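The structure under discussion appears below in the form of structure tokens.
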Amino acid sequence: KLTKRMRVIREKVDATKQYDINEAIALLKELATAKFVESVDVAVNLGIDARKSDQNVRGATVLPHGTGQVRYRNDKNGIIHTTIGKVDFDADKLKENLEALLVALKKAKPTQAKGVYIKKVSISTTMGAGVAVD
Amino acid sequence: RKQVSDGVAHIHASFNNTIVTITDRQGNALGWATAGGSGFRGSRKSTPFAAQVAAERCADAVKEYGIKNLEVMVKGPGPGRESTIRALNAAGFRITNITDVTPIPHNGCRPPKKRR
Amino acid sequence: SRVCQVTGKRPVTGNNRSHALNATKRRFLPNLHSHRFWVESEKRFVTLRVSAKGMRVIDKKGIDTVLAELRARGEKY
Amino acid sequence: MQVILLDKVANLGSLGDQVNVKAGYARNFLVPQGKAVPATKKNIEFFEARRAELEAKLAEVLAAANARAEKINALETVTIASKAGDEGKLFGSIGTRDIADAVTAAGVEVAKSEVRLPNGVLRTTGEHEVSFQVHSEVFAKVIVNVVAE
RNA sequence: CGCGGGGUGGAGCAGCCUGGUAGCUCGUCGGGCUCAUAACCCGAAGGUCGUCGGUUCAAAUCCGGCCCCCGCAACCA
RNA sequence: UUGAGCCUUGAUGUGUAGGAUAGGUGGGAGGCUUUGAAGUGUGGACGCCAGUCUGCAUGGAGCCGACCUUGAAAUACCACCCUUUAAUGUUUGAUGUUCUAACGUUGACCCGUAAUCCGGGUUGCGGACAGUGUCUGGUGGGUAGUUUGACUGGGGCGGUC
RNA sequence: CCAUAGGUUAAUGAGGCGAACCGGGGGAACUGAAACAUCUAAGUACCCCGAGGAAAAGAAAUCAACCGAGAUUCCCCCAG
């Protein structure tokens, strides 16, 4: 299934390791090995009960750095997806952007939300692998 | 699957039924079909035509094993016995040899007296 | 007697409290079973009646160290 | 436990490791046969300092001692005569004791505990293969024949 | 009182779990059937999934309840 | 050998519209190729037998995103995962076989010793069973401690409280 | 084989008795609850083992309370 360029992407990010904060965005632009301007895919795991109606979360967040305000709606699988920025941004900028939307989840976390809420944090370049965050 | 090449067809053609069982050369069964399994209940069960479809439904259901050629060892009197080997040969199997293994005793036990 | 040679676990008495709390005098017996211990100094076997927890004291301490205590107390080993 | 080994052992040790084995395996097999010693620092320094270079290699010399036993029997074909009946059929099926008794006068002074005969305890009469397991590494085979005395 | 489930032509069981497309056997009729009665065989008539909402392109299904039918472990006010 | 949890890698999933054996969501429109290409020879894996996938290689260096009919977009690139499952690593459990050192031995023989007790020693047979302890379900009148109402034209029965 | 088990001799000490008290090991039921199973009676009766003139306990991994007290035992309060 794998080809040349993807093998290079795989040898930069090991899917068998959970990383810390400052390691994330540094290796983010190292994932995009294409010439055109790409974006970042934010996949955040929920601890909600997607099979139960009272916990299907949806909302928006006013981002001070843009990709403005981006909208997002969850799935019945339990993970919500949305983009938050692009590849060629500065390291400092997206640090506050990731901090921006997940604390917004602090706001939209249901009262019937059984279990630990924030499960797994992992952002990835549209042409890169998933960079996990604690 | 295991893909076997040669096998042997056991045809138990008795007075009421004609249960056909295709096994391998070692005796291990692969697939089987009966006259009473393909519908045909009652008087039509003890019929050579029912033995025909018994052979057809046993012709398949052994496709996953892919038997090229096989032998035939018929047993019992039965109304089929010779009409069932026809449908098994015309099905697409190579018949090498046909044998008869009807179990006749040498006055072993006292058969029933029934049927008045 | 049902007493462990090493430790000295003698049977104790207690109740057999039921669901309705009916107190019936029962008795707790140590886990005693004779075992043959290979002493390295004498290079032979010495049979002792020990409890299961008594065996663990033997393998954590020295088998000869245990026998030294029995020698100091008179229990014929 | 945490036992420190002396010999190699048939499956886990490499002559001087600290493998955590089952309590019974050490207390009933390893320790009484001198294959290993319990892991208590005093014994550990007795091993890693003293025996690490002394007793470790002299354990190798007895391995060469029965390497001597490999071919003490340049003959490797001893014949015993015991009473038998018609067409083979030994009356007194000789055991492991008697087979060792034959070689003590015609070769190795091997004892009972080393001879390993797979094909029964020798009831029949004819060509036989007797395997002497003098060590856990070397195997010595001896072809013997029994006579119908 | 909690942990699990099952609810389907008149009726016993399927399929659901892994979403879109409901099958099966008796009970009734047209006969065929034979100088006939009996047996047998073929064809046809009958539930839109217990019900109310959420989600989805789509709900019998996934999930929230109710009505319950139960399998129980319990059961020291 | 065989279940299960988990990790990684690689598969996996045809109402019907229809070039698509597409599950949801989804970011951006180039990946891709000569760290040896489209097409094809052939077997295997899968098979609602519709149409995928794929080791080596003659060949020889291309293949296609939006575009369009769809409720949806193209495993060209990618992330978190659902159902079905494949190898490995790893973790324990449940079975079958073999073995010997624990343990059993109310087998033989020798000794303590003129002793059918017992202990010890070679050896034979079983063998991680058996049996014993702690915990636990069941059974249990074998045994134990007890209850088994009052009124009542005497008590019982009936009736009542 | 060595060696232990065993055998023999000598030295030293022990055994039994005694009214209660004392420590430990085992341990009832009648009775009360107006019945009775938890509970009570009671760790009492009784049995057993051991020592002394007393015996047991005993110099804090104890309390207290953010101030302090200082091994154990017994008597009086605390307090029915």
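The way I read the labels, and the way they are meant: chains A, B, ... in the order of the structure tokens, residue 1 as the first residue of every chain, and ligand 1 as the first ligand shown, with later ones counted on from there.
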
Write out, as a tab-separated table, each residue of stretch 3-76 of chain C that has an atom at most 10 Å from stretch 37-44 of chain D, together with the closest pair of atoms and their distance in Å to one decimal, counting only C-alpha atoms, rows going by chain and rising number.
```
residue	atom	partner	partner_atom	distance
C:59	CA	D:38	CA	8.0
C:60	CA	D:40	CA	8.6
C:61	CA	D:40	CA	9.1
C:62	CA	D:38	CA	9.4
```

Export, as a short mmCIF file (atom, residue, chain, number, x, y, z; two decimals), in the first residue's frame, the selected residues with N, CA, C and O atoms.
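Final output, saved to out-v2.cif:
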```cif
data_model
loop_
_atom_site.label_atom_id
_atom_site.label_comp_id
_atom_site.auth_asym_id
_atom_site.auth_seq_id
_atom_site.Cartn_x
_atom_site.Cartn_y
_atom_site.Cartn_z
N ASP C 59 13.34 -20.90 52.64
CA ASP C 59 14.01 -20.47 51.43
C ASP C 59 14.40 -18.99 51.42
O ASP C 59 15.15 -18.55 50.56
N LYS C 60 13.90 -18.22 52.39
CA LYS C 60 14.27 -16.81 52.45
C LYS C 60 15.47 -16.71 53.38
O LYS C 60 16.38 -15.90 53.17
N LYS C 61 15.46 -17.52 54.44
CA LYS C 61 16.57 -17.57 55.38
C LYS C 61 17.45 -18.71 54.86
O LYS C 61 17.38 -19.08 53.69
N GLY C 62 18.28 -19.26 55.75
CA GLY C 62 19.12 -20.37 55.36
C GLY C 62 18.51 -21.63 55.94
O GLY C 62 18.02 -21.61 57.07
#
```

Checklist entry - Which of chain D counts as helix (DSSP H, G or I) under DSSP, as a VMD selection string please? => result chain D and resid 23 to 30 41 to 53 58 to 65 69 to 71 96 to 103 112 to 114

Would you save the residues of that selection, restricted to C-alpha atoms, as a compact mmCIF listing (two decimals), in the first residue's frame?
```txt
# COMPACT_ATOMS: atom_id res chain seq x y z
CA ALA D 23 9.88 -21.87 43.77
CA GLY D 24 9.54 -25.63 43.36
CA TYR D 25 11.89 -25.85 40.40
CA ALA D 26 14.68 -24.35 42.52
CA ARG D 27 14.01 -25.97 45.90
CA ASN D 28 13.53 -29.53 44.63
CA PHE D 29 15.63 -29.73 41.47
CA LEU D 30 18.23 -27.00 41.08
CA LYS D 41 24.11 -11.28 48.15
CA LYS D 42 26.58 -13.27 50.26
CA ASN D 43 26.24 -16.18 47.83
CA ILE D 44 26.26 -13.71 44.93
CA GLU D 45 29.65 -12.32 45.89
CA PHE D 46 30.72 -15.93 46.51
CA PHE D 47 29.87 -16.45 42.84
CA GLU D 48 30.59 -13.24 40.94
CA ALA D 49 33.99 -12.81 42.59
CA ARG D 50 35.31 -16.23 43.60
CA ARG D 51 33.52 -18.80 41.46
CA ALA D 52 32.97 -16.43 38.51
CA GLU D 53 36.45 -17.27 37.22
CA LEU D 58 36.28 -26.07 36.66
CA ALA D 59 32.66 -26.89 35.89
CA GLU D 60 33.98 -27.07 32.33
CA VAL D 61 36.73 -29.52 33.34
CA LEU D 62 34.29 -32.19 34.50
CA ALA D 63 32.48 -31.66 31.20
CA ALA D 64 35.80 -32.66 29.63
CA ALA D 65 36.08 -35.38 32.28
CA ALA D 69 33.94 -41.09 28.84
CA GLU D 70 32.99 -40.44 25.22
CA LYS D 71 35.39 -43.08 23.99
CA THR D 96 19.53 -51.27 33.40
CA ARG D 97 21.56 -52.64 36.33
CA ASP D 98 22.91 -55.71 34.52
CA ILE D 99 23.88 -53.81 31.37
CA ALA D 100 26.09 -51.54 33.48
CA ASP D 101 27.50 -54.65 35.19
CA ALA D 102 28.77 -55.95 31.84
CA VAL D 103 30.69 -52.81 30.86
CA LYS D 112 23.30 -47.24 36.68
CA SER D 113 22.19 -43.60 36.53
CA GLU D 114 23.72 -42.87 33.10
```

Item to check | 10 Å contacts from chain C to chain D using only C-alpha atoms, as a list in words | outcome: residues 36, 37, 38, 39, 40, 43, 44, 45, 55, 56, 59, 60, 61 and 62 of chain C

Residues within 12 Å of residue G:27, please, as a PDB file with N, CA, C and O atoms (P, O5', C5', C4', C3', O3' and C1' of nucleotides), in the first residue's frame. Count only C-alpha atoms (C1' of nucleotides); anything in the same chain fewer than 4 positions from it doesn't count.
```
ATOM      1  N   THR C  13      -8.574 -21.982  67.663  1.00  0.00           N
ATOM      2  CA  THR C  13     -10.016 -22.168  67.639  1.00  0.00           C
ATOM      3  C   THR C  13     -10.752 -20.857  67.398  1.00  0.00           C
ATOM      4  O   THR C  13     -10.365 -19.805  67.912  1.00  0.00           O
ATOM      5  N   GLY C  14     -11.818 -20.937  66.611  1.00  0.00           N
ATOM      6  CA  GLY C  14     -12.612 -19.764  66.309  1.00  0.00           C
ATOM      7  C   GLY C  14     -14.036 -20.205  66.061  1.00  0.00           C
ATOM      8  O   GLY C  14     -14.346 -21.389  66.182  1.00  0.00           O
ATOM      9  N   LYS C  25     -18.397 -23.433  67.400  1.00  0.00           N
ATOM     10  CA  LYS C  25     -16.955 -23.574  67.563  1.00  0.00           C
ATOM     11  C   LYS C  25     -16.305 -24.486  66.533  1.00  0.00           C
ATOM     12  O   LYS C  25     -16.601 -25.682  66.469  1.00  0.00           O
TER      13      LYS C  25
ATOM     14  P     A G  42     -22.357 -15.334  84.435  1.00  0.00           P
ATOM     15  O5'   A G  42     -21.405 -14.512  83.455  1.00  0.00           O
ATOM     16  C5'   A G  42     -20.020 -14.321  83.777  1.00  0.00           C
ATOM     17  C4'   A G  42     -19.162 -14.516  82.548  1.00  0.00           C
ATOM     18  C3'   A G  42     -19.378 -13.534  81.396  1.00  0.00           C
ATOM     19  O3'   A G  42     -18.125 -13.390  80.733  1.00  0.00           O
ATOM     20  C1'   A G  42     -19.725 -15.711  80.620  1.00  0.00           C
ATOM     21  P     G G  43     -17.678 -11.967  80.142  1.00  0.00           P
ATOM     22  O5'   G G  43     -16.485 -12.357  79.155  1.00  0.00           O
ATOM     23  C5'   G G  43     -15.238 -12.887  79.663  1.00  0.00           C
ATOM     24  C4'   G G  43     -15.385 -14.353  80.017  1.00  0.00           C
ATOM     25  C3'   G G  43     -14.146 -15.013  80.616  1.00  0.00           C
ATOM     26  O3'   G G  43     -14.552 -15.992  81.565  1.00  0.00           O
ATOM     27  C1'   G G  43     -14.786 -16.193  78.699  1.00  0.00           C
ATOM     28  P     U G  44     -13.580 -16.377  82.783  1.00  0.00           P
ATOM     29  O5'   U G  44     -14.575 -16.941  83.889  1.00  0.00           O
ATOM     30  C5'   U G  44     -15.147 -16.072  84.889  1.00  0.00           C
ATOM     31  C4'   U G  44     -16.443 -16.653  85.401  1.00  0.00           C
ATOM     32  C3'   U G  44     -16.384 -18.133  85.733  1.00  0.00           C
ATOM     33  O3'   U G  44     -15.830 -18.347  87.026  1.00  0.00           O
ATOM     34  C1'   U G  44     -18.310 -17.696  84.435  1.00  0.00           C
ATOM     35  P     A G  45     -14.996 -19.685  87.321  1.00  0.00           P
ATOM     36  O5'   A G  45     -16.059 -20.846  87.087  1.00  0.00           O
ATOM     37  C5'   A G  45     -17.178 -21.010  87.978  1.00  0.00           C
ATOM     38  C4'   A G  45     -17.941 -22.270  87.641  1.00  0.00           C
ATOM     39  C3'   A G  45     -17.110 -23.539  87.531  1.00  0.00           C
ATOM     40  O3'   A G  45     -16.847 -24.094  88.820  1.00  0.00           O
ATOM     41  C1'   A G  45     -18.603 -23.403  85.700  1.00  0.00           C
ATOM     42  P     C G  46     -15.359 -24.581  89.195  1.00  0.00           P
ATOM     43  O5'   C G  46     -15.088 -25.785  88.193  1.00  0.00           O
ATOM     44  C5'   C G  46     -15.986 -26.908  88.130  1.00  0.00           C
ATOM     45  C4'   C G  46     -15.804 -27.645  86.827  1.00  0.00           C
ATOM     46  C3'   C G  46     -14.371 -28.038  86.507  1.00  0.00           C
ATOM     47  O3'   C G  46     -13.984 -29.229  87.182  1.00  0.00           O
ATOM     48  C1'   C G  46     -15.341 -27.033  84.603  1.00  0.00           C
ATOM     49  P     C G  47     -12.441 -29.468  87.561  1.00  0.00           P
ATOM     50  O5'   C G  47     -11.766 -29.840  86.166  1.00  0.00           O
ATOM     51  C5'   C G  47     -12.119 -31.058  85.489  1.00  0.00           C
ATOM     52  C4'   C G  47     -11.488 -31.108  84.117  1.00  0.00           C
ATOM     53  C3'   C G  47      -9.981 -30.917  84.069  1.00  0.00           C
ATOM     54  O3'   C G  47      -9.288 -32.115  84.402  1.00  0.00           O
ATOM     55  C1'   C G  47     -10.992 -29.592  82.392  1.00  0.00           C
ATOM     56  P     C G  48      -7.852 -32.037  85.126  1.00  0.00           P
ATOM     57  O5'   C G  48      -6.892 -31.440  84.005  1.00  0.00           O
ATOM     58  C5'   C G  48      -6.707 -32.128  82.751  1.00  0.00           C
ATOM     59  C4'   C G  48      -5.908 -31.273  81.798  1.00  0.00           C
ATOM     60  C3'   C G  48      -4.574 -30.777  82.332  1.00  0.00           C
ATOM     61  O3'   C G  48      -3.575 -31.784  82.218  1.00  0.00           O
ATOM     62  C1'   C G  48      -5.723 -28.989  81.294  1.00  0.00           C
TER      63        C G  48
END
```

Next on the checklist: Could you list, as a list in words, every residue within 9 Å of residue E:54, counting only C-alpha atoms (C1' of nucleotides) and ignoring same-chain residues fewer than 2 positions away?
Outcome noted: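 Those residues are residues 52 and 53 of chain A; 63 and 64 of chain E.
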
Next on the checklist: If the cut-off is 12 Å, can you tell me the residues of chain A near chain E, counting only C-alpha atoms (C1' of nucleotides)? I'd like them as an MDAnalysis selection string.
Outcome noted: chainID A and resid 49:56 74:77

Checklist entry - Got a sec: who's within 8 Å of residue E:49, counting only C-alpha atoms (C1' of nucleotides), leaving out chain neighbours fewer than 2 positions off, as a PyMOL selection string? => result chain E and resi 8+22+47+60

N, CA and C atoms (P, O5', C5', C4', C3', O3' and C1' of nucleotides) of the current selection, written as a PDB file, in the first residue's frame:
```pdb
ATOM      1  P     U E   8     -44.111 -10.871  19.340  1.00  0.00           P
ATOM      2  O5'   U E   8     -44.423  -9.880  18.130  1.00  0.00           O
ATOM      3  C5'   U E   8     -45.187 -10.329  16.999  1.00  0.00           C
ATOM      4  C4'   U E   8     -44.598  -9.791  15.719  1.00  0.00           C
ATOM      5  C3'   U E   8     -44.929 -10.625  14.493  1.00  0.00           C
ATOM      6  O3'   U E   8     -46.210 -10.280  13.976  1.00  0.00           O
ATOM      7  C1'   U E   8     -42.615 -10.118  14.515  1.00  0.00           C
ATOM      8  P     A E  22     -38.315  -5.338   2.611  1.00  0.00           P
ATOM      9  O5'   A E  22     -37.849  -6.774   3.134  1.00  0.00           O
ATOM     10  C5'   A E  22     -38.626  -7.958   2.851  1.00  0.00           C
ATOM     11  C4'   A E  22     -38.493  -8.956   3.981  1.00  0.00           C
ATOM     12  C3'   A E  22     -39.476 -10.118   3.949  1.00  0.00           C
ATOM     13  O3'   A E  22     -39.009 -11.171   3.108  1.00  0.00           O
ATOM     14  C1'   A E  22     -39.392  -9.204   6.134  1.00  0.00           C
ATOM     15  P     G E  47     -52.550  -8.550   6.459  1.00  0.00           P
ATOM     16  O5'   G E  47     -51.383  -8.736   7.528  1.00  0.00           O
ATOM     17  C5'   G E  47     -50.432  -7.680   7.774  1.00  0.00           C
ATOM     18  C4'   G E  47     -49.695  -7.930   9.068  1.00  0.00           C
ATOM     19  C3'   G E  47     -48.548  -6.975   9.351  1.00  0.00           C
ATOM     20  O3'   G E  47     -49.016  -5.767   9.951  1.00  0.00           O
ATOM     21  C1'   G E  47     -47.831  -9.199   9.704  1.00  0.00           C
ATOM     22  P     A E  60     -38.961   0.884  10.233  1.00  0.00           P
ATOM     23  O5'   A E  60     -38.919  -0.592  10.840  1.00  0.00           O
ATOM     24  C5'   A E  60     -39.492  -0.893  12.131  1.00  0.00           C
ATOM     25  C4'   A E  60     -38.722  -2.010  12.800  1.00  0.00           C
ATOM     26  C3'   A E  60     -37.263  -1.717  13.122  1.00  0.00           C
ATOM     27  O3'   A E  60     -37.159  -1.021  14.368  1.00  0.00           O
ATOM     28  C1'   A E  60     -37.438  -3.834  12.074  1.00  0.00           C
TER      29        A E  60
END
```

Next on the checklist: I need the residues in stretch 1-113 of chain D that are strand (DSSP E) according to DSSP; give them as number ranges by chain.
Outcome noted: D: 4-5, 36-37, 79-82

Please dump the current selection as a PDB file, in the first residue's frame; keep C-alpha atoms.
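Output file part-v8.pdb is given in full below:
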```pdb
ATOM      1  CA  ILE D   4      22.024 -17.564  40.545  1.00  0.00           C
ATOM      2  CA  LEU D   5      23.092 -20.580  38.461  1.00  0.00           C
ATOM      3  CA  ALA D  36      22.277 -23.493  41.268  1.00  0.00           C
ATOM      4  CA  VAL D  37      22.342 -21.537  44.532  1.00  0.00           C
ATOM      5  CA  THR D  79      27.858 -59.158  24.448  1.00  0.00           C
ATOM      6  CA  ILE D  80      25.904 -60.624  27.374  1.00  0.00           C
ATOM      7  CA  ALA D  81      24.760 -64.241  27.689  1.00  0.00           C
ATOM      8  CA  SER D  82      21.567 -64.857  29.676  1.00  0.00           C
TER       9      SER D  82
END
```

Item to check | Residue neighbourhood stretch 6-20 of chain G, 12 Å, only C-alpha atoms (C1' of nucleotides), exclusion window fewer than 5 positions, as a ChimeraX atom specification | outcome: /F:111-113,119-120

I need the residues from that last selection saved to file as a PDB file, in the first residue's frame (with N, CA, C and O atoms (P, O5', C5', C4', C3', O3' and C1' of nucleotides)), if you can.
```pdb
ATOM      1  P     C F 111      20.276 -57.895  56.781  1.00  0.00           P
ATOM      2  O5'   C F 111      20.415 -56.437  57.412  1.00  0.00           O
ATOM      3  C5'   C F 111      21.685 -55.756  57.410  1.00  0.00           C
ATOM      4  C4'   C F 111      21.560 -54.403  58.073  1.00  0.00           C
ATOM      5  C3'   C F 111      20.956 -54.390  59.467  1.00  0.00           C
ATOM      6  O3'   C F 111      21.922 -54.733  60.454  1.00  0.00           O
ATOM      7  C1'   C F 111      19.989 -52.667  58.170  1.00  0.00           C
ATOM      8  P     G F 112      21.445 -55.307  61.878  1.00  0.00           P
ATOM      9  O5'   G F 112      20.892 -54.021  62.639  1.00  0.00           O
ATOM     10  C5'   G F 112      21.769 -52.922  62.967  1.00  0.00           C
ATOM     11  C4'   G F 112      20.968 -51.755  63.505  1.00  0.00           C
ATOM     12  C3'   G F 112      20.049 -52.062  64.677  1.00  0.00           C
ATOM     13  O3'   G F 112      20.771 -52.033  65.902  1.00  0.00           O
ATOM     14  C1'   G F 112      18.882 -50.780  63.070  1.00  0.00           C
ATOM     15  P     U F 113      20.342 -52.998  67.112  1.00  0.00           P
ATOM     16  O5'   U F 113      20.244 -54.445  66.452  1.00  0.00           O
ATOM     17  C5'   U F 113      20.288 -55.626  67.274  1.00  0.00           C
ATOM     18  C4'   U F 113      19.270 -56.640  66.802  1.00  0.00           C
ATOM     19  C3'   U F 113      19.445 -57.180  65.385  1.00  0.00           C
ATOM     20  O3'   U F 113      18.948 -58.513  65.383  1.00  0.00           O
ATOM     21  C1'   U F 113      17.340 -56.151  65.557  1.00  0.00           C
ATOM     22  P     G F 119       7.411 -44.287  59.302  1.00  0.00           P
ATOM     23  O5'   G F 119       8.982 -44.116  59.511  1.00  0.00           O
ATOM     24  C5'   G F 119       9.502 -43.076  60.364  1.00  0.00           C
ATOM     25  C4'   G F 119      11.002 -43.205  60.509  1.00  0.00           C
ATOM     26  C3'   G F 119      11.809 -43.261  59.223  1.00  0.00           C
ATOM     27  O3'   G F 119      12.023 -41.964  58.678  1.00  0.00           O
ATOM     28  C1'   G F 119      12.565 -44.943  60.695  1.00  0.00           C
ATOM     29  P     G F 120      12.260 -41.791  57.096  1.00  0.00           P
ATOM     30  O5'   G F 120      13.701 -42.424  56.851  1.00  0.00           O
ATOM     31  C5'   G F 120      14.874 -41.850  57.464  1.00  0.00           C
ATOM     32  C4'   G F 120      16.077 -42.744  57.255  1.00  0.00           C
ATOM     33  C3'   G F 120      16.402 -43.118  55.816  1.00  0.00           C
ATOM     34  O3'   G F 120      17.111 -42.080  55.148  1.00  0.00           O
ATOM     35  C1'   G F 120      16.523 -45.047  57.171  1.00  0.00           C
TER      36        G F 120
END
```
